[PDB]
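Only one chain is shown below, in structure tokens, and it's the form deposited in one PDB entry.
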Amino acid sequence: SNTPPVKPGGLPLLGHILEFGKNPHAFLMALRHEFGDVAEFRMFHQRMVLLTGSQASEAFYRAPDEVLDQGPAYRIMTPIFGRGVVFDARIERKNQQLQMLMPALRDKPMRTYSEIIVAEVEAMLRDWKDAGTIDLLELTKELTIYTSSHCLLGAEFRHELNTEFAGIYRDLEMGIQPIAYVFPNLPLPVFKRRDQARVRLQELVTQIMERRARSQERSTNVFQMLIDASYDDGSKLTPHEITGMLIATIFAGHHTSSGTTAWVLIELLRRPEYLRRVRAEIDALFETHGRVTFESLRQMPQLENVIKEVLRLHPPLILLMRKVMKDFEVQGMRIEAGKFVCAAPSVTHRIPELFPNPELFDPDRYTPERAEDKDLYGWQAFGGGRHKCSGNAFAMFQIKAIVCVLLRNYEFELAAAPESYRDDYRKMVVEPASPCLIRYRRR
């Protein structure tokens, strides 16, 4: 039929990659503003269709895996996780790799996690000093590594996390580059450093495994399970695969969540009217319950909603992609096989027909309004359809647990001008800007 509007101005051989890569959010916003719900642009030779608003986002999330696939779209992750891991695997092996974390997400170990997160938060706070100034993002990133390593991989893997590990995960994270969606292997300094980080991490996990074999005393874990893990065909998981799934599991638990946990604290200090309501329902469950339980955090609607609104305005994953395997239509336009197709939470969340006065921070979420369930394909920080986030329960839990432990025994103040705090829209995993300072004081 008719086909999508293609954006002009594409440089020769590079398409819009230069414009896109400077500020991906800004590019995608401008593309929707110009051409509406379905708009094509080029990343080098790759023809990309931005799908925005409810109807087009529905087509994206609801498409069968035989028409829209994640695999070719996410080659970027192959040099990070390793060959044959998640998206670089056959489906049957991918599903089995995802199924080996699912046990850590069940009701039973979740009662366990509340005490581990508090332990970890207090562990970093003991070394503090009564009043001072910290970088909120630098801390939150470090904290979510300990928090997610301990909870989902166990105390055994958490005991070895060091500075080498800290740098290794920053080098791995820096592998996520606008150019890397198209050409994930290039003779670049950012790529060599990610490759070196992975090789090094695989050497340290292999050594930790050699040791656990000699001791042979250590057992009872999710990491131990991986070490002993085989596929349903009885193939043994290698050190390479195990390393890949430890990386994937910290990307999931830590890299998604560092920014959005910083933002919750920033956004409450910016709007002290919501700080007072959140700090009320925290102290309220500090009073009624003893310490922070799991059911206590499940019944915290004020905080649940500030996180929900933080995710509408600061969705960390701003570009979800599929390769188009079979021609399909949206709003009566033929998106041809071989093209790629994109969802943009950052931009769909800012559509005024879906979120009246989009740029206003208003946590009217669990209220009669219900702007998030109004269209499961509107609000989409966690995606939608078959390949929706399968870890949202733990994600929301982890940041709740962290913030209402921080705000229960520290007073916070923005060390700079409240408007100074912005998102670095130069990254694909969007977090607050580079230097992000804050001040504290015990209660």
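Between two forms, the rigid core is defined as the largest C-alpha subset superposing within 1.5 Å. The first residue of the shown sequence is 1; numbering continues from there.
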item	value
Other entries modelling both neighbours but not residue 160, at least a third	no
Other PDB entries, at least a third, lacking residue 112	no
Selected stretch [higher average CA B-factor]: 292-300 or 305-313	292-300
Higher-B stretch (mean Cα B-factor, as the entry records it), 192-200 or 357-365	357-365
Deposited CA B-factor, highest of 429, 433, 13, 18	433
Top residue by Cα temperature factor, when 261, 331, 147, 249 are compared in the entry	331
Residue 141 - which third its CA temperature factor falls in, relative to the rest of the chain	middle
Where the record places residue 184 (Cα B-factor, split into thirds across the chain)	lowest
Third of the chain, ranked by Cα B-factor, where residue 32 sits	middle
Residue 55, C-alpha B-factor rank within chain (lowest, middle or highest third)	highest
Residue 96 - Cα temperature factor, lowest/middle/highest third of chain	lowest
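Same protein, other form: the form deposited in another entry, not shown, and the subject of what follows.
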item: Sole member of 208, 351, 325, 317 with a C-alpha shift of at least 2 Å between the shown form and the other one (core-superposed); value: 208
item: Core fit, then residue 247 C-alpha moves 2 Å or more between the shown form and the other one; value: yes
item: Residue 129 C-alpha moves between the shown form and the other one by 2 Å or more, core aligned; value: no
item: Did residue 302 shift 2 Å or more between the shown form and the other one, C-alpha, core superposed; value: no
item: Sense of the change in Cα distance from residue 177 to residue 345 in that other deposited form - at least 3 Å versus the shown form; value: farther
item: Sense of the change in Cα distance from residue 170 to residue 156 in that other deposited form - at least 3 Å versus the shown form; value: closer
